[PDB]
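In terms of the working numbering, the sequence shown has 536 at position 519, counting the first letter as 1, and numbering is strictly consecutive. All C-beta atoms, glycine included, are put in the ideal place defined by N, C-alpha and C.
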Amino acid sequence: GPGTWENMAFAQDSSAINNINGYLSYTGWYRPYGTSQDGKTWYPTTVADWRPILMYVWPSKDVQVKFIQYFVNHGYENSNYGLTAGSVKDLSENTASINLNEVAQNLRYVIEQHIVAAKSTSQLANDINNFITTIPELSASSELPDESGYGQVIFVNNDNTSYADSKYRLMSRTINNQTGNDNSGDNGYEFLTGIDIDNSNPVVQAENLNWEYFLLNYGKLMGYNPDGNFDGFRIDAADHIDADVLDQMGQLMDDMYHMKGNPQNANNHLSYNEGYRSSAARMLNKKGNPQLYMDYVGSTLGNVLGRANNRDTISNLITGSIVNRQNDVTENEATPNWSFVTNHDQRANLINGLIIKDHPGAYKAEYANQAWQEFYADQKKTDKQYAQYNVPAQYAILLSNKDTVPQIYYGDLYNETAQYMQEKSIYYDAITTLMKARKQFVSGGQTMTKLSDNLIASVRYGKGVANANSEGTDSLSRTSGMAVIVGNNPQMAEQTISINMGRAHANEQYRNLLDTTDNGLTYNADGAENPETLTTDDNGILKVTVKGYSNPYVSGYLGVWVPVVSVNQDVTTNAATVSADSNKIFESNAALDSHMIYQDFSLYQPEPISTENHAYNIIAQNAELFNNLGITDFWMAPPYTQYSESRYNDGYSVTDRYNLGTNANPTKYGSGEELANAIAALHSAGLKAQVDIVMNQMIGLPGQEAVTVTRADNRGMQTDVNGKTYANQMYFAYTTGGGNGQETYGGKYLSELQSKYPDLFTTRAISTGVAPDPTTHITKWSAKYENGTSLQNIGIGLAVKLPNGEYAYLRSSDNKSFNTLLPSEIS
Ligand SMILES: C[C@H]1O[C@H](O[C@H]2[C@H](O)[C@@H](O)[C@@H](O[C@H]3[C@H](O)[C@@H](O)[C@H](O)O[C@@H]3CO)O[C@@H]2CO)[C@H](O)[C@@H](O)[C@@H]1N[C@H]1C=C(CO)[C@@H](O)[C@H](O)[C@H]1O
Ligand SMILES: C[C@H]1O[C@H](O[C@H]2[C@H](O)[C@@H](O)[C@@H](O[C@H]3[C@H](O)[C@@H](O)[C@H](O)O[C@@H]3CO)O[C@@H]2CO)[C@H](O)[C@@H](O)[C@@H]1N[C@H]1C=C(CO)[C@@H](O)[C@H](O)[C@H]1O
Ligand code: NA
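See below:
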């Protein structure tokens with residue numbers, strides 16, 4: 018006949034029981050053989066009838082007790098089955114098992130009543146979820162977030178999860194710790210956020226070369242616009258990945274384009290690494306500079322000019338950089354670098370920040386519209402609280418600085434939350450003015466002289482003018498060069514200053530390119546304290562009148578001077594095709610200094626309302642504008658397909674490294690067809706395009722996997738979150754995925770790469786001593802290619818452990834290791 022034996026699983030395989038690599042979860046569901054509402058009648062289940070494992074099986078009697086009470090006190094009481102707040106109140110872990118199981122069974126009869134009554138298992142599912150949050154052990158809090166709600170676990174080897182084992186996982190082998198011989202030092206840590214990819218794994222390192230080759234040939238390989246090919250890379254999280262891959266990328270690029278001897282070929286394939294750590298400069302220098310180093314002078318800029326209060330003194334613009342500009346009168350000596358006033362991450366750090374001020378760390382609903390209104394309202398004020406002061410002055414410094422490839426932020430030229438390029442920012446005129454002036458005037462040596470604690474003169478001596486005493490070698494010498502005068506004190510007394518324009522600019526006239534007034538900036542001298550033109554004396558000294566002002570554009574002083582000319586000039590230096598040093602890839606000099614990068618996106622860029630609004634399409638339409646502005650090198654957003662639930666849908670939350678969008682499923686930026694065209698439009702204007710390559714993480718991978726984990730700090734060593742920790746734990750992490758793109762293109766070009774450039778696969782990597790391995794292709798990511806994950810908000814108590822200490826297990830398809838062990842209550 019019938020009975021409670023019907024609580025067994027219908028069958029002990031995946032078809033009737035949820036599992037992940039054979040293991041069961043307390044959030045899992047299974048198909049009993051039958052259920053009952055009263056005790057007497059038992060209905061054989063259909064394959065559509067599933068119930069939560071937490072109705073039948075518990076981690077401990079304590080939790081079994083709390084499951085019964087919480088359900089009774091949330092509408093599953095029924096006195097006719099001895100279930101009232103009163104009848105369950107006194108139950109405890111020391112209550113008899115035989116008794117507790119009688120109660121849980123009787124609760125199970127009422128649950129079945131609710132299911133029929135409400136015609137679904139939905140309120141039940143919702144109740145289970147809520148119950149789990151009350152149990153510290155099963156809750157997401159058991160994975161031990163740190164004080165700021167962050168943290169990560171590492172994937173370690175384990176006899177239960179041996180399919181996820183790795184011989185590699187060499188963590189924090191970054192920068193100057195590639196060999197693992199200075200773990201304690203200035204190296205930059207392994208973990209940032211998301212599922213961390215193991216870039217020490219020879220197969221992964223081979224997959225990166227594949228990926229890079231796909232992107233350097235994107236349009237050709239995809240049969241889109243065949244000139245729609247990236248020329249180089251912008252390297253995300255370069256301080257946070259085994260530095261082997263920065264070596265390897267540079268090797269591939271030198272193999273493909275012959276960059277080492279040829280400054281022309283190098284400079285046509287610019288690469289730049291994100292990461293200001295001074296140690297990175299050191300590292301890149303020792304290596305012959307395969308990529309540009311990311312300088313910190315933008316932080317100096319914000320601290321000296323951008324703050325409302327607490328403004329670091331003016332002389333920090335001279336020394337507050339990987340390059341000292343006291344008197345920089347030499348070439349090929351500075352660390353080849355890229356610098357900026359702003360990037361995507363600085364805006365975010367401000368916008369988040371406004372988000373927690375306005376709304377007390379609460380339900381993070383989308384009142385990022387409110388944070389943005391506040392930003393835009395503050396951006397226009399003279400007395401700003403949040404936004405940056407002196408934005409034009411900062412770009413004046415950035416754009417006149419020798420030995421750097423400067424980087425403009427889309428967001429500083431355009432209102433980044435409006436549709437792409439639909440709204441210019443109030444700073445567009447100023448910045449673009451200075452950008453054009455750079456092309457025409459900014460070359461030669463540099464001298465930054467202090468004149469007070471608040472006032473500086475940054476002079477460039479002009480093309481082919483090495484220093485203050487030089488005569489002039491080029492025929493643009495006389496009519497090029499610039500003086501940038503910046504005061505960071507808005508109450509600075511009016512006064513007269515002297516500026517040495519060099520011995521090659523005696524009795525020369527100077528245009529007042531840009532000057533400060535009561536209201537802002539004037540481009541023709543109207544409203545300022547200086548005339549449209551001034552002249553130098555015999556020794557090349559310029560008298561200028563300066564004063565403190567306070568308006569939305571300037572808090573202090575900004576003035577800029579350039580030679581009078583009747584013509585357009587362009588002071589770029591072509592790279593000659595024979596490097597002063599054949600050990601170098603990149604060299605800091607006039608040729609490299611003639612480059613300028615544009616960051617073409619913001620995280621808060623909105624979803625396009627239509628195809629006409631795809632950033633890719635609008636870029637293709639405005640390529641000549643970018644060229645006019647003096648931009649040579651385009652940094653394009655990570656173009657990869659994203660996690661559906663990502664906050665900003667921005668490119669950094671990667672589910673498919675090869676799907677750059679299709680016509681019906683574009684990214685925020687557009688389709689791959691449209692990307693390839695956008696790239697080709699830029700090429701058509703003589704620009705180059707670099708892609709943002711994200712080797713560090715993947716996010717929103719839909720496949721769960723039973724892995725074994727240790728709560729670890731961000732370098733990869735275990736850590737204690739205030740007393741507590743845990744190691745060698747079963748965790749049901751999202752680790753597996755990649756999409757058709759990883760399946761279709763994974764490892765596909767390694768044959769071609771090997772035949773064309775064998776050295777890639779015989780050169781031994783520093784961190785491993787072993788060459789990249791092209792003999793396995795990665796067509797799907799999983800835990801075995803991953804160091805770990807940022808805390809996934811799941812919990813560490815989900816894996817069902819039998820009373821005897823062993824994890825519950827099921828022999829299934831992939832699952833074919835040990836013997837099937839199921840709880841007493843489900844078999
Ligand atoms: C991972 C997250 O941030 C990434 O940018 C990182 C830098 O790559 C990282 O080095 C770090 O900053 C500095 C580093 O601490 C230091 O050692 C070195 O001297 O200089 C580094 C350069 O700044 O922190 C920033 C972030 O603040 C990438 O931009 C993204 O991968 C990612 N950004 C976002 C995106 C998403 C998803 O769309 C979020 O999930 C993520 O939380 C968020 O930060
Ligand atoms: C519907 C409309 O919206 C489109 O914008 C898209 C993005 O291009 C796309 O990335 C997609 O992004 C992710 C989204 O944030 C996330 O919530 C979801 O779960 O996953 C998506 C991909 O991972 O969604 C945004 C919008 O949220 C384009 O701008 C439009 O072309 C697109 N077309 C629609 C609407 C119109 C407009 O009239 C029709 O003409 C068109 O036929 C229709 O397909
Ligand atoms: Na990493």
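Cα-Cα separation between residue i and residue j, rounded to whole angstroms
i: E641; j: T449; result: 14 Å
i: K765; j: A706; result: 24 Å
i: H631; j: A693; result: 13 Å
i: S834; j: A825; result: 13 Å
i: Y412; j: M452; result: 9 Å
i: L187; j: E803; result: 10 Å
i: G504; j: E549; result: 20 Å
i: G519; j: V561; result: 16 Å
i: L301; j: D264; result: 10 Å
i: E691; j: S605; result: 34 Å
i: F27; j: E164; result: 45 Å
i: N242; j: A697; result: 7 Å
Spatial neighbours of residue i in its chain, beta-carbon cut-off 8 Å, leaving aside the 5 residues before and after
i: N200; result: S189, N194 and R732
i: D203; result: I192, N193, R294, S295 and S296
i: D253; result: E291, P655, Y669, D709, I710, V711, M712 and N713
i: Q721; result: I37, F749, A750, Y751, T752 and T753
i: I331; result: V321, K467, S469, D470, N471, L472, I473, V503, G504 and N505
Cutoff 6 Å; reference residue i; Cβ partners in own chain excluding five residues on either side
i: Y621; result: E433 and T434
i: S338; result: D312 and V314
i: residue 845; result: Here the chain comprises residues numbered 18 to 844, so residue 845 is not present and cannot be evaluated.
i: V581; result: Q526 and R528
i: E94; result: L100 and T101
i: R828; result: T837
i: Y206; result: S189, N731 and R732
i: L108; result: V82
N- and C-terminal bounds of the alpha helix (DSSP H) containing residue i
i: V221; result: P219 to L233
i: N432; result: Unbroken run through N432: none, as it is neither H nor E.
i: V711; result: No alpha helix (DSSP H) contains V711, which DSSP labels as neither H nor E.
i: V577; result: It is not in any alpha helix (DSSP H) - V577 instead sits in the beta strand (DSSP E) that spans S572 to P580.
i: residue 5; result: The chain is shown from 18 up to 844; residue 5 falls before or after that span and cannot be answered.
i: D144; result: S139 to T151
i: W652; result: Looking at the DSSP string, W652 is not in any alpha helix (DSSP H); the run it does join, the beta strand (DSSP E), is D650 to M653.
Same chain, Cβ closer than 7 Å to residue i, neighbours up to 5 away in sequence not counted
i: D329; result: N320 and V321
i: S494; result: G479, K480, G481, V482 and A521
i: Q735; result: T727, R728, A729, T742 and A744
i: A607; result: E348, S460 and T590
i: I635; result: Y437 and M438
i: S442; result: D429, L430, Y431 and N432
i: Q222; result: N216, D261, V262, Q265, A782 and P789
Cβ-based burial, residue i [other Cβ within 10 Å; buried from 16]
i: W22; result: exposed
i: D400; result: exposed
i: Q343; result: exposed
i: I115; result: exposed
i: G755; result: buried
i: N354; result: buried
i: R781; result: exposed
i: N418; result: buried
i: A255; result: buried
i: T352; result: buried
i: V133; result: exposed
First through last residue of the beta strand (DSSP E) which encompasses residue i
i: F172; result: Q169 to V173
i: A750; result: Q746 to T753
i: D213; result: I212 to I214
i: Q759; result: Run containing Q759: none in the beta strand (DSSP E); it sits in the alpha helix (DSSP H), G756 to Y762.
i: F357; result: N354 to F357
For this session: Decide yes or no for the touch test of the region 134–145 against the region 50–70: beta carbon pairs closer than 8 Å, at least 3 of them.
Result: A contact exists between the region 134–145 and the region 50–70.
Exercise. Is it a yes or a no for the region 466–475 touching the region 506–514, going by three-plus beta-carbon pairs under 8 Å?
Worked result: When Cβ pairs closer than 8 Å are counted between the two stretches, the region 466–475 is seen to touch the region 506–514, the count reaching three or more.
Problem set entry | Within 6 Å of ligand 4: residues by beta-carbon to any heavy atom | Of the ligands this structure carries, namely ligand 1, ligand 2 and ligand 3, none is ligand 4.
For this session: Would you check if there are 3 or more beta carbon pairs closer than 8 Å linking the region 594–607 to the region 280–287?
Result: When C-beta atoms of the region 594–607 are compared with those of the region 280–287, three or more pairs fall below 8 Å, so the two segments count as touching.
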